[PDB]
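*Asks:* Protein chains in written order, with the UniProt record's numbering: chain A, 61 to 561; chain B, 61 to 561; chain C, 61 to 561. Even for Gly, the Cβ is constructed at its ideal location relative to N, Cα and C.
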Amino acid sequence: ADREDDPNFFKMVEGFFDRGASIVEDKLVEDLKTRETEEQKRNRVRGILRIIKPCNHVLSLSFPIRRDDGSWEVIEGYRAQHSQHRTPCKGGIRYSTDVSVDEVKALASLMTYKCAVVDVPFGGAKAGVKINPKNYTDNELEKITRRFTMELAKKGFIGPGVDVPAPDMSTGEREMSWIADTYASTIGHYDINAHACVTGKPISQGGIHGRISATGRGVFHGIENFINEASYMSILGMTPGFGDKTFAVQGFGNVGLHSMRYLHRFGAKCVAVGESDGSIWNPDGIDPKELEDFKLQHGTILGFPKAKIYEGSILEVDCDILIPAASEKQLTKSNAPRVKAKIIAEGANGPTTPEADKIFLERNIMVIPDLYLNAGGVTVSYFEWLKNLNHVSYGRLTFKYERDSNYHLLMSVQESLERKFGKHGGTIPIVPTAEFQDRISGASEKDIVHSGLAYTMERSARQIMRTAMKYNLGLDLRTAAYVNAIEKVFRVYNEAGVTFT
Amino acid sequence: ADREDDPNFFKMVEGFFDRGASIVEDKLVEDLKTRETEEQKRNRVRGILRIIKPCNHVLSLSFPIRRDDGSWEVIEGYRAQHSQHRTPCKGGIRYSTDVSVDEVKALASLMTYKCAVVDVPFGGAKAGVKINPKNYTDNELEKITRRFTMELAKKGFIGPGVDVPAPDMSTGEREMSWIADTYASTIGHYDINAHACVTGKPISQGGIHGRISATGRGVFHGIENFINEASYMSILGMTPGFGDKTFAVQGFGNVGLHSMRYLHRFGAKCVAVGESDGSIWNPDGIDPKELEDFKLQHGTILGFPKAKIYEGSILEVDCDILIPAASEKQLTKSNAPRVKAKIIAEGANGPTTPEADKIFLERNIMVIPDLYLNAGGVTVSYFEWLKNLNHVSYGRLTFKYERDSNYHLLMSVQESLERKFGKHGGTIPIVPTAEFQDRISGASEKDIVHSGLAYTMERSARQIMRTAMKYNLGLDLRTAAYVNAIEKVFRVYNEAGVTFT
Amino acid sequence: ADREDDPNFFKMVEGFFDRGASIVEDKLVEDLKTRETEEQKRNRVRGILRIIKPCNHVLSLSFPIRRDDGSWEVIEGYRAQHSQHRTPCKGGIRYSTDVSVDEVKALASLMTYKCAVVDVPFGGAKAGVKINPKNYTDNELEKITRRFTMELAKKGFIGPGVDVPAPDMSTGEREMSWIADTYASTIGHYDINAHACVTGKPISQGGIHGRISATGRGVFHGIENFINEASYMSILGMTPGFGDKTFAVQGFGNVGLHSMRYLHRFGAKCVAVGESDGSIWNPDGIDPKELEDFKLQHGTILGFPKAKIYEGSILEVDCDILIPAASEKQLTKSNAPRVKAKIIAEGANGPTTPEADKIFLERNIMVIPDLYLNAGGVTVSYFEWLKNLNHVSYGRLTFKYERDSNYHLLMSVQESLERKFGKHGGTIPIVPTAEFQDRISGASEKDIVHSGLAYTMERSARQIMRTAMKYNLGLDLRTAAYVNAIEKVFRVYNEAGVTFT
Ligand SMILES: NC(=O)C1=CN([C@@H]2O[C@H](COP(=O)(O)OP(=O)(O)OC[C@H]3O[C@@H](n4cnc5c(N)ncnc54)[C@H](O)[C@@H]3O)[C@@H](O)[C@H]2O)C=CC1
Ligand SMILES: NC(=O)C1=CN([C@@H]2O[C@H](COP(=O)(O)OP(=O)(O)OC[C@H]3O[C@@H](n4cnc5c(N)ncnc54)[C@H](O)[C@@H]3O)[C@@H](O)[C@H]2O)C=CC1
Ligand SMILES: NC(=O)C1=CN([C@@H]2O[C@H](COP(=O)(O)OP(=O)(O)OC[C@H]3O[C@@H](n4cnc5c(N)ncnc54)[C@H](O)[C@@H]3O)[C@@H](O)[C@H]2O)C=CC1
Ligand SMILES: NC(=O)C1=CN([C@@H]2O[C@H](COP(=O)(O)OP(=O)(O)OC[C@H]3O[C@@H](n4cnc5c(N)ncnc54)[C@H](O)[C@@H]3O)[C@@H](O)[C@H]2O)C=CC1
Ligand SMILES: NC(=O)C1=CN([C@@H]2O[C@H](COP(=O)(O)OP(=O)(O)OC[C@H]3O[C@@H](n4cnc5c(N)ncnc54)[C@H](O)[C@@H]3O)[C@@H](O)[C@H]2O)C=CC1
Ligand SMILES: NC(=O)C1=CN([C@@H]2O[C@H](COP(=O)(O)OP(=O)(O)OC[C@H]3O[C@@H](n4cnc5c(N)ncnc54)[C@H](O)[C@@H]3O)[C@@H](O)[C@H]2O)C=CC1
Ligand SMILES: Nc1nc2c(ncn2[C@@H]2O[C@H](COP(=O)(O)OP(=O)(O)OP(=O)(O)O)[C@@H](O)[C@H]2O)c(=O)[nH]1
Ligand SMILES: Nc1nc2c(ncn2[C@@H]2O[C@H](COP(=O)(O)OP(=O)(O)OP(=O)(O)O)[C@@H](O)[C@H]2O)c(=O)[nH]1
Ligand SMILES: Nc1nc2c(ncn2[C@@H]2O[C@H](COP(=O)(O)OP(=O)(O)OP(=O)(O)O)[C@@H](O)[C@H]2O)c(=O)[nH]1
Ligand SMILES: N[C@@H](CCC(=O)O)C(=O)O
Ligand SMILES: N[C@@H](CCC(=O)O)C(=O)O
Ligand SMILES: N[C@@H](CCC(=O)O)C(=O)O
């Protein structure tokens, strides 16, 4: 944590909101066309916004466990539900000591708008267990997450139609596998959609393919849709395309390692990798496989053979693209000036504070907002949820049909050409290309996740790019997204009677 | 609020706990008799205590209402569940702007031990809606409490087997009548015990006789069982009995008005009555029926014809018995020295801070602790709960039997005496006394509440007086009660496996 | 039942398991990637296998039915749930006097692996009512199955998210229609997915097209994918293709009649048909839609005009392909030597005992295992289940789109060719082939069942073939399938924490 700029997390995000609030508030009053045409439209709007910003529910949990050494410990744990204009709430579970109600109240709110950015029909939620996960044995962490699932389940803070958790900092597949099992074996025993209570699940437990990457893949597509618009690259003095760029990732978690993998593939070059014990560096480039294989073996990126051990801030490392994939409030009033880089891809949730945005705005540094960029996490989870509901491995019912159907479709173009060019213009093979033989049978689960994600990272980027053009926000993409979010979330409340009254 | 001594409410009550924790800690290790005789007994005790102290659950609510003037307002609202060693949780709903999570986390904990004092089998809960209730119209207050019931019901913070609210500051019958009706008409629709979700209900709604008084009646019984022990009255330099005492009540609510009524009856004089706008005074005595009739008509005690307004603190009024029936943290390090008086009957929840107890201890001033004294509220509610479970007006099935049975019992003593004293002994009428003609048919609902309350304000004062003798606490009755509470609450956790693990 | 080889049914199938257990045990330890790398990877593999083998749950039912003649009779009835690594359990209901807990414990286990073979996400279950169904009137059989549904429903052994029965020996559509109706009208009254509690339902009740055939269709696909692989036909000394083969089916039920129909169509020629009263024979060929018309009219295949009555065991009939579609344990140590045939297509559940496999292995006789071959039953049921969850007749929402879309797609190939070949080159009709006019609108429910089944009988055969090659099992396809099943079922347990603990 910084101190010069360590603003309250929930209020910080409220700040981002209140800015989007004003910028559409005119439009919201404008298409509202009710009888009560006045500034009653405005106060009907300025009331519904006041209903949105604050969280609907927060549950606080002091629950015991008996540690491995026979002793008793009390665990603090929180789950804020921000909005519910879409049931079920969505949002991850975070294991840290930083965990605090305001931090979960903040992340939850982010999930509300984040889902509104990428048109996932979930209300925002989040949750923290206030533990250093390093300091508990795996059996302790199991007994902790299972118990946390119970106490959440009993008070209505996890359920396929109510609230669907997912992984986050220091939680992943394993934790999610437990959360399902408890709910499936206990309270959700008769629930057919029981295993749809939580995403990020291991594939064998009902998870969806590519969800672990997913968030990092979406990070790729988010940087892409912008870095391949010279209209913005003209404003950063950079060339369109990944081919020649250099980047740096703070954090090497599920968002870091996979944001590094998907860029080091589709073009650019990793220069430096951070972690909560220090960074490594190499301008020549760092291979993600080698580094990952070194973090698996030795549990730290430090001491990488093919990269020095950068003294200094990772956020300041000279590069093109800075990807904070760590915790929040990392770029602040004080270090934001020194960031030497040109594109900020917020992988992590709110890693940049509003005072860093004002600097980055001035310094013509493009911050790709947290709302849009890591929405790949929720999007693929949103798929993992529908998979759990449709109870089929996607593609299965149809494969040998849009296959045979296409081979017959092709055989029509063929017979029709032969049937005009005689036994005596030849035989005309109509045959799938190489990059159609791989789609000849249609959508597999692998593919849907990719294209389903690819589509809405692209679509929702233009939805931002219009709005940044429209209201003339330029490189203030953060305000552009919250404008879109505030509008979509409002549409629900407006056409609803707003409350059971 | 004071500012020399305005300690954190939850931590304040934790303070009272930690004191009781140490004093029995030895005994708890003592009767524990496990295989693992050590100071694992002590750490197995000190762990279970660490599980008790902190609340199990807190739910935080920002829910909208439409005010009367068509506008939207967001309402903040909290319900901490302290313990659950007894389901269902019990505890009131408070309407104030003082409402804060720490204040509800504090009161909830008090309800846990309060129920343990008077052997009510409920875990402690409480709840606040953070509104000034006077600033909302009755229609607003209705759709505020109804909505608050919903959001509590949905997240599992109200239910006959889960959590049973009750009235408190600025809530009473009317609110409770709403809380039932929503739950009964909505979520608890099929629940046979639906109307058992909340106590303090109007009699016509399933309430129990004398519940509104109840808390103030129990306040009478509590002062009584002590003021009629010269062993304590020798230590205060005061005479046993109510007949000659004078008393002052801060606050004129459900706890004030009825603590005043039940003492001005069974003996002593009212000298002064406080309220959040000032106090009235009259050493000659103040009649509760006249005052109440003046507060009903004019909505304030100020300007009472037969009592001027008192210049100065109501708590400092010269008198025998000080009854704070207001909000908490009223007697503090700074005004506790000046308190004229000799018996402090804490009607309100925690109206005295731990530093005031230090002074009162020194100054030989007997503070009758909040745990024991206002437990009449929960006790009669506990009856109101059983009534809604037994679905019978108490006494109904038996009246004309323990009636006819007694008249036949009497007719046996008679015939048997005649059957020995022949003719020439006369006829010997055996006839109920006047007081026994009123009980000839047995327990009515009125009576059970009285004696059922009377019993356990007695049986539990005993249990405190035993323990203040035992561990030699003298006039530290507050520590005496927490000693009983901590022991009873522990007795559950110990014989339980402590957690599903 | 045989005498020399009548092994315990559950232990028999355990035998098939334990064989597959050892063969992958090495691999399972191999890809296990834990840092407890020892031969304690082996013992936690050996533990997880020990958890798989035995059934999780068996429910035993003595329930009364009143017969038609006013009298009372008690009905014995069992439902073992083998595994639950996939909810909901799947598996049929069998009406026989052979029914015994061991026999249901056995079939249930088979359903677990059977679903793992063909990647249906269900745990294995089965159920028997211990009645001779011919000895009860249809109104008796109705009140029997309805009552059996209740007692199963109440104890949690039937439910769309819990356990989904289906037909089996002496049960079919009619019984399944009842099972739905009771649970739809009673316990599942509010359940939206109520009618998804049971498959095999009549089409009008929520059933899926072709489910009655389905199992026999899949029997066709199974024999096919092998008999069209000369790599195995070289090993049996037989020619690839159906065109010239002769087969014999023991049993003429849902599995027999439709295994006969789908082969007598797509090539080969029925030689003999068994039933529980004797067989018929005709080397010239037997038409299924004469023999069925004779069984419908006369309730027996015996005395078929165009086929004499056969003089000995149906299993011993000289032919190419032996299809046991009867009860289990039919080919044993004693008659397995004299089976005069080259391909054994286990339609029935476990019709061949492990000692018969030992002979068939030696005698180079290919047994197509029960796991793989009749998995068409569960597969189409698995479709019937998803249909009742998706609440739409498949294909409906899209028909007139992938139709118009294709006609527009074709119109693009056309206009683009015309756009290049001018008025000079003519008009170039692009027109669907005959085959493709029947798919022009896309997947109907009929088609999905076919291709959806066709695919996975074809995707899962070529998971067996490329495990029989891998671990060199040759014509031991039964061990090859259990190797796949044990692996897929393992994977869930491994990545799960394995139990609530
Ligand atoms: N798992 C998922 O699907 C999603 C995660 N996110 C966000 O990504 C961010 C974190 O990524 P995770 O997925 O939880 O992976 P993670 O929890 O495994 O990442 C943390 C790793 O990076 C290091 N690290 C943590 N904080 C650091 C800091 N301030 N400075 C330097 N190094 C630090 C730590 O040593 C740790 O090893 C969060 O903001 C999270 O909300 C959002 C999209 C999806
Ligand atoms: N206990 C449960 O019911 C859980 C829910 N599911 C549901 O399964 C449905 C269908 O797709 P998936 O089964 O996930 O297969 P999948 O093809 O999507 O991939 C899952 C992995 O497990 C393998 N697998 C296939 N059948 C399996 C079986 N019966 N048991 C264990 N592993 C099997 C697959 O070959 C694959 O390697 C999903 O819609 C999901 O909702 C799957 C996991 C656990
Ligand atoms: N209603 C019940 O059955 C139970 C309530 N209590 C406690 O009694 C106390 C309050 O009385 P209630 O009947 O609950 O509600 P109430 O609102 O009817 O009574 C409170 C009275 O005291 C006045 N007041 C509030 N704060 C004051 C302050 N700082 N200074 C001077 N006057 C103030 C208020 O104007 C009001 O007249 C609280 O501690 C409450 O939690 C405890 C036992 C049972
Ligand atoms: N809507 C409601 O009022 C609900 C209340 N209940 C149960 O009602 C039960 C009966 O208690 P009570 O008989 O009221 O106490 P009670 O002790 O006062 O019964 C005798 C007197 O109460 C009056 N009374 C009795 N039943 C009444 C009724 N249904 N409506 C209006 N006045 C009535 C009569 O004037 C009678 O003289 C309670 O025990 C409660 O469990 C449960 C469901 C709904
Ligand atoms: N309907 C389904 O879903 C599928 C059924 N199976 C299995 O196929 C076998 C046949 O059952 P279904 O076709 O389903 O219904 P079914 O009950 O109508 O078929 C039974 C046929 O076999 C005859 N039969 C009984 N015992 C015999 C014996 N010792 N010798 C010769 N014939 C005998 C019966 O009289 C009748 O001809 C069963 O073992 C079943 O487990 C396997 C998977 C799918
Ligand atoms: N009753 C159930 O089983 C529940 C499941 N669903 C699902 O909704 C869909 C129902 O469509 P289907 O009627 O099965 O397909 P469909 O309309 O193509 O007709 C198929 C069969 O249903 C009957 N049928 C034809 N038209 C009908 C009509 N307008 N209304 C009622 N029956 C008609 C005929 O017997 C025909 O053989 C299915 O997917 C079903 O699984 C929906 C609600 C409850
Ligand atoms: N730890 C780690 N995970 C990987 C690595 N490569 C891929 N993954 C993840 O592992 C899963 C299996 O990946 P693949 O079988 O290669 O399939 P894919 O669709 O090509 O996946 P991607 O190339 O990652 O988009 C994917 O969901 C990836 O997210 C790697 O090198 N290390
Ligand atoms: N608010 C209020 N209620 C009263 C008062 N007096 C009586 N009641 C109610 O009417 C019932 C009959 O009163 P009483 O005849 O005096 O008998 P009681 O129950 O011993 O009186 P209390 O305990 O003082 O209420 C009581 O149980 C009370 O519920 C009063 O002065 N004020
Ligand atoms: N019992 C019986 N059912 C038949 C027979 N022929 C057709 N069917 C029914 O028809 C269904 C499917 O038939 P079709 O719609 O004609 O499909 P198809 O491609 O023309 O050929 P099939 O599926 O073999 O009949 C089967 O599931 C049976 O229910 C028959 O000879 N006997
Ligand atoms: N925790 C991730 C993923 C949320 C989810 O997939 O539900 C996020 O906040 O974006
Ligand atoms: N609010 C009162 C009454 C609670 C109840 O009766 O449940 C108290 O805290 O004692
Ligand atoms: N009874 C059949 C069908 C099971 C099902 O479709 O559920 C079998 O065991 O394969």
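Does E350 (chain C) come within less than 8 Å of chain A when only Cβ atoms are used?
*Replies:* Translated into positions along the third sequence, residue 350 (chain C) becomes position 290. No, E350 (chain C) does not count as interfacial toward chain A.
*Asks:* Please indicate yes or no: does the CB of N532 (chain A) lie closer than 7 Å to some heavy atom of ligand 6?
*Replies:* Mapped onto the first sequence, residue 532 (chain A) falls at position 472. Closer than 7 Å to some heavy atom of ligand 6: that does not describe the Cβ of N532 (chain A).
*Asks:* How far does the alpha helix (DSSP H) with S169 (chain A) in it reach, from first residue to last?
*Replies:* Position 109 of the first sequence, counting from 1, holds the residue named residue 169 (chain A). Unbroken alpha helix (DSSP H) run through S169 (chain A): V161 to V177.
*Asks:* Using 8 Å as the threshold, is the segment 136-156 of chain A in touch with the segment 179-190 of chain A, meaning 3 or more CB pairs across them?
*Replies:* yes
*Asks:* With a threshold of 8 Å between beta carbons, is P67 (chain A) in contact with chain C?
*Replies:* On the first sequence, position 7 is the one that residue 67 (chain A) refers to. No, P67 (chain A) lies away from the interface with chain C (no Cβ there is under 8 Å from its Cβ).
*Asks:* Can you tell me where the alpha helix (DSSP H) with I287 (chain B) in it begins and where it stops?
*Replies:* Translated into positions along the second sequence, residue 287 (chain B) becomes position 227. Segment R271 to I287, the alpha helix (DSSP H) holding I287 (chain B).
*Asks:* Do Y243 (chain A) and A226 (chain A) have their C-beta atoms closer together than 8 Å?
*Replies:* The sequence position of residue 243 (chain A) within the first sequence is 183, counting from 1. The sequence position of residue 226 (chain A) within the first sequence is 166, counting from 1. Their beta carbons are not under 8 Å apart, which means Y243 (chain A) does not touch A226 (chain A) by this criterion.
*Asks:* Identify whether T306 (chain C) lies in helix, strand or coil by the three-state DSSP scheme.
*Replies:* Numbered from its first residue, the third sequence carries residue 306 (chain C) at position 246. It is a strand residue.
*Asks:* Any chance the segment 519-529 of chain C sits against the segment 498-511 of chain C, with 3 or more Cβ pairs inside 8 Å?
*Replies:* No, because fewer than three Cβ pairs between the segment 519-529 of chain C and the segment 498-511 of chain C fall closer than 8 Å, the two stretches do not touch.
*Asks:* Taking only the alpha-carbon atoms, compute the straight-line gap between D198 (chain B) and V164 (chain B) and give it to the nearest angstrom.
*Replies:* Your numbering for residue 198 (chain B) matches position 138 in the second sequence. Your numbering for residue 164 (chain B) matches position 104 in the second sequence. Their Cα atoms are separated by approximately 24 Å.
*Asks:* Check the Cβ-Cβ distances between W238 (chain A) and every residue of chain C, and say whether any is below 8 Å.
*Replies:* Here residue 238 (chain A) is taken as the residue at index 178 of the first sequence, counted from 1. So, interface residue.
*Asks:* Between the segment 373-382 of chain C and the segment 255-275 of chain C, do three or more beta carbon pairs fall short of 8 Å?
*Replies:* no
*Asks:* State the Cα-Cα distance for the pair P343 (chain C) and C330 (chain C), rounded to the nearest angstrom.
*Replies:* One-based indexing of the third sequence puts residue 343 (chain C) at position 283. One-based indexing of the third sequence puts residue 330 (chain C) at position 270. Straight-line Cα distance between these residues: approximately 8 Å.
*Asks:* Is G313 (chain A) a contact residue of ligand 7, with contact defined as CB to any heavy atom under 7 Å?
*Replies:* By 1-based counting over the first sequence, the position of residue 313 (chain A) is 253. Taken from the Cβ of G313 (chain A), every heavy atom of ligand 7 lies 7 Å or farther away.
*Asks:* Can you list every residue whose CB sits closer than 5 Å to some heavy atom of ligand 4, going in chain order?
*Replies:* B:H255, B:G266, B:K447, B:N448, B:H451, B:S453 and B:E505
*Asks:* Going along the chain, which residues of its own chain have a beta-carbon closer than 7 Å to the beta-carbon of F459 (chain C), five neighbours each way excluded?
*Replies:* Translated into positions along the third sequence, residue 459 (chain C) becomes position 399. Cβ neighbours of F459 (chain C) beyond the five flanking positions: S501 and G502.
*Asks:* List, in chain order, every chain A residue whose beta-carbon is nearer than 7 Å to that of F123 (chain B).
*Replies:* Taking the first residue of the second sequence as position 1, residue 123 (chain B) is located at position 63. Within 7 Å Cβ-Cβ: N116.
*Asks:* For the alpha helix (DSSP H) that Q265 (chain A) lies in, which residues bound it at each end?
*Replies:* If you number the first sequence from 1, residue 265 (chain A) lands on position 205. Segment: none, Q265 (chain A) is in no alpha helix (DSSP H) and carries neither H nor E.
*Asks:* Please identify, using Cβ separations under 8 Å, the residues of the segment 215-228 of chain A that lie next to chain B, in order along the chain.
*Replies:* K215, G216 and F217
*Asks:* Take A166 (chain B) and list the residues in its own chain whose beta-carbon comes closer than 6 Å to its own, dropping the five residues that flank it on each side.
*Replies:* Taking the second sequence and counting its residues from 1, one reaches residue 166 (chain B) at position 106. Closer than 6 Å at the Cβ level, and outside the excluded window around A166 (chain B), lie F69, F70 and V73.
*Asks:* Could you give the first and the last residue of the continuous alpha helix (DSSP H) run that contains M426 (chain C)?
*Replies:* Translated into the one-based positions of the third sequence, residue 426 (chain C) becomes position 366. Note, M426 (chain C): premise wrong, no alpha helix (DSSP H); beta strand (DSSP E) at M426 to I428.
*Asks:* If we count Cβ pairs, one from each stretch, closer than 8 Å, do we get three or more for the segment 279-291 of chain A versus the segment 395-406 of chain A?
*Replies:* yes
*Asks:* Would you list the one or two residues that DSSP bridges to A332 (chain A)?
*Replies:* For this step, residue 332 (chain A) is matched to residue 272 along the first sequence. According to DSSP, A332 (chain A) bridges with A:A308 and A:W341.
*Asks:* Counting contacts by CB-CB distance shorter than 8 Å, is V473 (chain B) in contact with chain A?
*Replies:* Within the second sequence, the letter at position 413 stands for residue 473 (chain B). No - not a single Cβ of chain A is within 8 Å of the one on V473 (chain B).
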